[PDB]
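Structure file run-v2.txt (compact mmCIF, C-alpha atoms) is printed below.
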# COMPACT_ATOMS: atom_id res chain seq x y z
CA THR A 1 37.10 -47.68 24.45
CA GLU A 2 39.98 -45.76 26.04
CA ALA A 3 42.14 -44.19 23.34
CA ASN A 4 45.50 -44.07 25.14
CA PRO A 5 47.04 -45.89 28.11
CA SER A 6 47.00 -42.39 29.60
CA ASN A 7 43.21 -42.34 29.51
CA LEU A 8 43.22 -45.31 31.85
CA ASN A 9 42.84 -44.86 35.60
CA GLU A 10 45.47 -45.66 38.25
CA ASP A 11 44.21 -49.16 39.11
CA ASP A 12 43.35 -50.27 35.55
CA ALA A 13 46.63 -49.13 33.99
CA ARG A 14 48.75 -50.88 36.61
CA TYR A 15 46.82 -54.05 37.26
CA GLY A 16 44.66 -54.61 34.21
CA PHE A 17 40.92 -54.35 33.70
CA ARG A 18 38.43 -56.05 35.96
CA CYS A 19 36.63 -59.16 34.80
CA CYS A 20 33.40 -60.89 35.70
CA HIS A 21 33.05 -63.01 38.81
CA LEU A 22 32.69 -66.72 38.18
CA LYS A 23 29.18 -67.41 36.92
CA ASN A 24 26.40 -67.90 39.47
CA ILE A 25 22.77 -66.88 39.79
CA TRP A 26 23.62 -63.33 40.87
CA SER A 27 26.58 -62.69 38.56
CA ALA A 28 25.19 -64.17 35.37
CA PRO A 29 21.72 -62.64 35.12
CA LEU A 30 20.03 -62.34 31.76
CA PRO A 31 21.19 -59.10 30.14
CA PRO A 32 19.56 -56.22 32.05
CA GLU A 33 17.47 -55.18 29.06
CA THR A 34 15.80 -58.58 28.75
CA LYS A 35 12.17 -58.32 27.69
CA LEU A 36 9.65 -59.14 30.40
CA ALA A 37 6.63 -58.63 28.17
CA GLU A 38 6.07 -58.02 24.47
CA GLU A 39 3.15 -55.80 23.55
CA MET A 40 1.15 -56.14 20.35
CA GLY A 41 -1.28 -53.51 19.17
CA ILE A 42 -4.86 -54.49 18.39
CA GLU A 43 -7.81 -52.80 16.69
CA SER A 44 -10.37 -51.54 19.21
CA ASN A 45 -12.45 -54.75 19.12
CA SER A 46 -10.52 -57.45 17.23
CA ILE A 47 -7.08 -59.05 17.09
CA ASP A 48 -5.32 -60.32 13.97
CA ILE A 49 -4.44 -63.89 14.94
CA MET A 50 -2.16 -64.08 11.93
CA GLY A 51 -0.34 -61.00 13.10
CA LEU A 52 -0.12 -62.42 16.58
CA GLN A 53 1.64 -65.40 15.02
CA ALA A 54 4.16 -63.19 13.27
CA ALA A 55 4.52 -61.15 16.45
CA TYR A 56 5.78 -64.20 18.27
CA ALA A 57 8.17 -65.12 15.49
CA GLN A 58 9.59 -61.63 15.47
CA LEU A 59 9.93 -61.77 19.26
CA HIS A 60 11.78 -65.05 18.97
CA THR A 61 14.40 -63.46 16.76
CA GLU A 62 14.69 -60.60 19.25
CA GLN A 63 15.12 -62.95 22.23
CA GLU A 64 17.63 -65.32 20.66
CA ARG A 65 19.65 -62.19 19.91
CA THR A 66 19.44 -60.71 23.40
CA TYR A 67 20.10 -63.99 25.17
CA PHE A 68 23.04 -65.26 23.14
CA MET A 69 23.54 -63.61 19.76
CA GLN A 70 24.62 -60.15 20.66
CA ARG A 71 27.89 -60.46 18.75
CA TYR A 72 27.79 -60.43 14.92
CA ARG A 73 29.86 -63.57 14.72
CA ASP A 74 27.42 -65.45 16.89
CA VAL A 75 24.46 -64.44 14.74
CA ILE A 76 26.16 -65.76 11.67
CA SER A 77 26.97 -68.99 13.49
CA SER A 78 23.24 -69.08 14.21
CA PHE A 79 22.61 -69.55 10.48
CA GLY A 80 25.11 -72.37 10.32
CA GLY A 81 27.68 -70.18 8.64
CA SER A 82 31.03 -68.90 9.90
CA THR A 83 33.25 -65.84 10.03
CA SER A 84 37.00 -65.34 9.88
CA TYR A 85 38.56 -63.55 12.82
CA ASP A 86 39.14 -60.68 10.45
CA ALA A 87 35.40 -60.18 9.98
CA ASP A 88 34.83 -58.45 13.32
CA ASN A 89 38.49 -57.91 14.18
CA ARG A 90 38.53 -60.34 17.04
CA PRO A 91 41.85 -61.37 18.56
CA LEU A 92 42.46 -65.03 17.87
CA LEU A 93 42.46 -67.25 20.92
CA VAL A 94 45.32 -69.65 20.50
CA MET A 95 45.36 -71.46 23.86
CA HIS A 96 43.35 -71.41 27.07
CA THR A 97 44.47 -73.05 30.30
CA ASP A 98 42.83 -73.18 33.72
CA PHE A 99 43.82 -74.68 37.08
CA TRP A 100 43.30 -74.44 40.84
CA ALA A 101 45.91 -72.81 43.05
CA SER A 102 46.58 -74.89 46.16
CA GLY A 103 49.39 -74.85 48.73
CA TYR A 104 50.15 -75.63 52.37
CA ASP A 105 49.91 -74.26 55.90
CA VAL A 106 52.83 -73.13 58.01
CA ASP A 107 52.64 -74.08 61.69
CA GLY A 108 53.29 -71.41 64.31
CA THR A 109 55.71 -72.65 66.95
CA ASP A 110 56.50 -69.97 69.58
CA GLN A 111 54.77 -69.33 72.94
CA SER A 112 51.97 -67.26 71.45
CA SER A 113 51.95 -68.49 67.84
CA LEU A 114 51.78 -72.13 68.87
CA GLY A 115 48.56 -73.45 67.42
CA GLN A 116 48.32 -70.83 64.73
CA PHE A 117 48.60 -71.28 60.97
CA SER A 118 49.37 -69.24 57.87
CA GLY A 119 48.33 -70.32 54.42
CA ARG A 120 51.03 -70.26 51.78
CA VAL A 121 49.52 -70.98 48.39
CA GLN A 122 52.08 -72.16 45.84
CA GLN A 123 50.97 -73.86 42.63
CA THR A 124 53.10 -75.16 39.72
CA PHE A 125 51.61 -75.05 36.22
CA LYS A 126 52.27 -75.56 32.51
CA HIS A 127 50.74 -73.47 29.73
CA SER A 128 51.68 -74.78 26.31
CA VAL A 129 50.72 -73.37 22.91
CA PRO A 130 51.06 -75.90 20.07
CA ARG A 131 53.05 -74.74 17.00
CA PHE A 132 51.00 -71.92 15.53
CA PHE A 133 51.27 -70.35 12.07
CA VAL A 134 51.47 -66.57 11.99
CA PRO A 135 49.85 -65.41 8.74
CA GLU A 136 50.60 -61.70 9.22
CA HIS A 137 52.78 -59.47 11.38
CA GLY A 138 51.43 -58.92 14.89
CA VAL A 139 51.66 -59.84 18.58
CA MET A 140 51.28 -63.01 20.60
CA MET A 141 49.97 -61.90 23.99
CA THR A 142 49.58 -64.16 26.96
CA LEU A 143 47.58 -63.03 29.97
CA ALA A 144 46.55 -64.39 33.34
CA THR B 1 -19.94 -72.18 -18.68
CA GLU B 2 -20.85 -71.42 -22.29
CA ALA B 3 -24.01 -73.29 -23.26
CA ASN B 4 -23.45 -73.69 -27.02
CA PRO B 5 -20.41 -73.57 -29.32
CA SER B 6 -22.23 -70.53 -30.70
CA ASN B 7 -21.83 -68.72 -27.39
CA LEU B 8 -18.09 -68.95 -27.85
CA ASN B 9 -16.10 -66.07 -29.31
CA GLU B 10 -14.21 -66.09 -32.63
CA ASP B 11 -10.78 -66.98 -31.19
CA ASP B 12 -11.97 -69.53 -28.60
CA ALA B 13 -14.25 -71.46 -30.97
CA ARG B 14 -11.55 -71.81 -33.63
CA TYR B 15 -8.42 -72.32 -31.58
CA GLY B 16 -9.56 -73.58 -28.20
CA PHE B 17 -9.59 -71.95 -24.79
CA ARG B 18 -6.56 -70.27 -23.31
CA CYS B 19 -4.60 -71.98 -20.57
CA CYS B 20 -2.27 -70.85 -17.83
CA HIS B 21 1.33 -69.91 -18.49
CA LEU B 22 3.89 -72.32 -17.12
CA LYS B 23 4.13 -71.84 -13.37
CA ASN B 24 6.43 -69.13 -12.02
CA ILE B 25 6.30 -66.56 -9.24
CA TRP B 26 4.07 -64.18 -11.22
CA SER B 27 1.78 -66.74 -12.86
CA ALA B 28 1.17 -69.01 -9.89
CA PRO B 29 0.28 -66.59 -7.10
CA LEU B 30 -1.78 -67.78 -4.17
CA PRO B 31 -5.45 -67.49 -5.11
CA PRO B 32 -6.33 -63.77 -5.18
CA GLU B 33 -8.69 -64.08 -2.22
CA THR B 34 -6.01 -65.47 0.08
CA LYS B 35 -6.38 -64.25 3.65
CA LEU B 36 -3.75 -61.75 4.76
CA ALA B 37 -5.11 -61.44 8.28
CA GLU B 38 -7.77 -63.21 10.33
CA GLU B 39 -9.69 -61.09 12.81
CA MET B 40 -11.10 -62.39 16.07
CA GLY B 41 -13.56 -60.44 18.16
CA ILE B 42 -12.80 -59.79 21.81
CA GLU B 43 -14.77 -58.47 24.79
CA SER B 44 -13.89 -54.86 25.58
CA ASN B 45 -11.15 -55.79 28.10
CA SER B 46 -10.45 -59.54 27.86
CA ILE B 47 -9.73 -62.23 25.28
CA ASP B 48 -10.88 -65.85 25.45
CA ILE B 49 -7.61 -67.75 24.99
CA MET B 50 -9.59 -70.92 24.43
CA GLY B 51 -11.52 -69.23 21.68
CA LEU B 52 -8.32 -67.91 20.20
CA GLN B 53 -7.18 -71.53 20.02
CA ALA B 54 -10.30 -72.59 18.16
CA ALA B 55 -10.00 -69.50 15.98
CA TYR B 56 -6.68 -70.72 14.70
CA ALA B 57 -7.97 -74.22 14.09
CA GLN B 58 -10.90 -72.87 12.15
CA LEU B 59 -8.52 -70.66 10.15
CA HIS B 60 -6.37 -73.67 9.37
CA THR B 61 -9.31 -75.44 7.77
CA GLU B 62 -10.07 -72.28 5.79
CA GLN B 63 -6.47 -71.94 4.56
CA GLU B 64 -5.90 -75.56 3.59
CA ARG B 65 -9.07 -75.19 1.53
CA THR B 66 -8.07 -71.96 -0.19
CA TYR B 67 -4.52 -73.05 -0.87
CA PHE B 68 -5.15 -76.54 -2.23
CA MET B 69 -8.56 -78.01 -1.46
CA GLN B 70 -10.86 -75.91 -3.54
CA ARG B 71 -12.21 -78.92 -5.43
CA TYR B 72 -14.55 -81.34 -3.61
CA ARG B 73 -12.50 -84.31 -4.64
CA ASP B 74 -9.38 -82.83 -3.13
CA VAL B 75 -11.09 -82.19 0.20
CA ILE B 76 -12.16 -85.79 0.41
CA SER B 77 -8.63 -86.90 -0.44
CA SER B 78 -7.63 -84.67 2.47
CA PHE B 79 -9.45 -87.06 4.81
CA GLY B 80 -7.67 -90.03 3.32
CA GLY B 81 -10.75 -91.08 1.39
CA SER B 82 -11.42 -91.14 -2.34
CA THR B 83 -14.02 -90.33 -4.96
CA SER B 84 -15.00 -91.95 -8.24
CA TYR B 85 -14.81 -89.75 -11.31
CA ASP B 86 -18.58 -89.88 -11.34
CA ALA B 87 -18.77 -88.08 -7.99
CA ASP B 88 -18.01 -84.62 -9.38
CA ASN B 89 -18.38 -85.52 -13.05
CA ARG B 90 -14.74 -85.11 -13.88
CA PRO B 91 -13.45 -86.34 -17.23
CA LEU B 92 -11.09 -89.23 -16.67
CA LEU B 93 -7.49 -88.56 -17.60
CA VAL B 94 -6.25 -91.62 -19.38
CA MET B 95 -2.79 -90.53 -20.56
CA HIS B 96 -0.60 -87.44 -20.29
CA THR B 97 2.50 -86.85 -22.39
CA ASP B 98 4.90 -83.91 -22.51
CA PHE B 99 7.99 -83.10 -24.58
CA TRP B 100 10.16 -80.26 -25.89
CA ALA B 101 9.89 -79.13 -29.50
CA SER B 102 13.32 -78.66 -31.06
CA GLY B 103 14.49 -78.33 -34.66
CA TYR B 104 17.22 -76.80 -36.82
CA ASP B 105 18.33 -73.59 -38.50
CA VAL B 106 18.35 -72.97 -42.23
CA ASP B 107 21.36 -71.05 -43.54
CA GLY B 108 20.78 -68.10 -45.86
CA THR B 109 23.05 -68.28 -48.90
CA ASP B 110 22.45 -65.39 -51.35
CA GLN B 111 24.22 -61.99 -51.51
CA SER B 112 22.07 -60.39 -48.85
CA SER B 113 20.83 -63.45 -46.93
CA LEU B 114 24.33 -64.83 -46.49
CA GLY B 115 24.89 -64.99 -42.76
CA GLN B 116 21.23 -65.08 -41.88
CA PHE B 117 19.26 -67.92 -40.31
CA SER B 118 15.68 -69.10 -40.00
CA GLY B 119 14.55 -71.47 -37.30
CA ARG B 120 12.55 -74.46 -38.44
CA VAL B 121 11.23 -76.35 -35.44
CA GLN B 122 10.27 -79.93 -36.24
CA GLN B 123 9.79 -82.48 -33.47
CA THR B 124 8.76 -86.15 -33.70
CA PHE B 125 6.73 -87.64 -30.85
CA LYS B 126 4.78 -90.67 -29.62
CA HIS B 127 1.65 -90.51 -27.47
CA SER B 128 0.47 -93.94 -26.45
CA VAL B 129 -2.58 -94.86 -24.37
CA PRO B 130 -2.38 -98.35 -22.84
CA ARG B 131 -5.42 -100.62 -23.40
CA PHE B 132 -8.25 -98.93 -21.55
CA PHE B 133 -11.62 -100.38 -20.53
CA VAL B 134 -14.65 -98.31 -21.47
CA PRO B 135 -17.33 -98.95 -18.82
CA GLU B 136 -20.03 -96.83 -20.47
CA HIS B 137 -20.75 -95.18 -23.81
CA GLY B 138 -18.86 -91.93 -24.36
CA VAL B 139 -15.92 -90.18 -26.04
CA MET B 140 -12.16 -90.54 -25.97
CA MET B 141 -10.79 -87.06 -26.61
CA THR B 142 -7.16 -86.27 -27.16
CA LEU B 143 -5.95 -82.69 -27.04
CA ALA B 144 -2.70 -80.80 -27.40
So, in terms of structure tokens, how does the structure I just supplied come out?
Amino acid sequence: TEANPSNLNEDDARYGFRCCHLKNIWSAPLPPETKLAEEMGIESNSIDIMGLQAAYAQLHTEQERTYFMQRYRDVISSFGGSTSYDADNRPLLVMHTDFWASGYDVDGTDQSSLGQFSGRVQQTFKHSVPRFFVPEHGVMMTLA
Amino acid sequence: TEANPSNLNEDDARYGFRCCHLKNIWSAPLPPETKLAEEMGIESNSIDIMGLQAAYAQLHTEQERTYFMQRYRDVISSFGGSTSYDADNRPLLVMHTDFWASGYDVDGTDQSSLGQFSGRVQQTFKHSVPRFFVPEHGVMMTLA
């Protein structure tokens, strides 16, 4: 929530924010506040089995939310409904491309560099956005 | 359970008993003694999860009963069996008809009644019982 580009720090402002590593077991853990146990109160000597039933149901709603419905839009999708991008002010994703960056090695050829190599990665790529209709004034930003 | 027509009160005896309003949220509530919680005892520090399981099962039988199997005949139907009308001494329903009672308005036509109306409801109707076999002596009663 920085208010001005001037509230950003050296690195961020010049290179952009940092993003998440590709997903793996250690970089895609369940949200840190994930419940590991759900307590349910009980009268000194008895337990309301009907309440216990509700308790679970309630928990279920809580979990679903924590695990994958943390964003309003996703909760509404949960019900089988939908939301315009104006509903939560989300930028509209118009096109997403992804590709691997490969290249070649350069062979060292002098007395000491003979048998050495330097990797030069150089990948060509196309990123094409199909004719899009702009309903209101604004910006079309493309990032990498 | 009145024993003699003479044990009936003025209104009842002359006009018949009162019946339930058409079903709606406030006139078709779950039977007043419907369970809102089912307690299950538990040893001071532990709970028998196997018992809890049975507890629910038992409850289920209790609920089903309260909600819709309060009559013997309905419990037996529950098992996929059947009962003669002699089993619980139920009168045999031979024919049930239902219809709406509409009519017309009568227009007022004198100096003060001009522009006034009186509703006269008058509905024609047929109630036909298909040839029925009477197995034993008795009565064929038709009520409205």
Would you mind listing what lies within 12 Å of residue 49 (chain B) as a ChimeraX atom specification, with all atoms listed in the file counted and same-chain residues fewer than 5 positions away left out?
-> /A:47,49 /B:40-43,54-56
Which residues, written as number ranges by chain, have at least one atom at most 10 Å from region 34-37 of chain A, with all atoms listed in the file counted and residues fewer than 6 positions away on the same chain left out?
-> A: 59, 62-63, 66-67
May I have the residues of chain A within 7 Å of chain B, counting only C-alpha atoms, written as number ranges by chain?
-> A: 45-51
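In this model, the gap between CA of residue 26 (chain A) and CA of residue 91 (chain A) comes to 28.9 Å.
Counting from CA of residue 144 (chain A), the distance to CA of residue 99 (chain A) is 11.3 Å.
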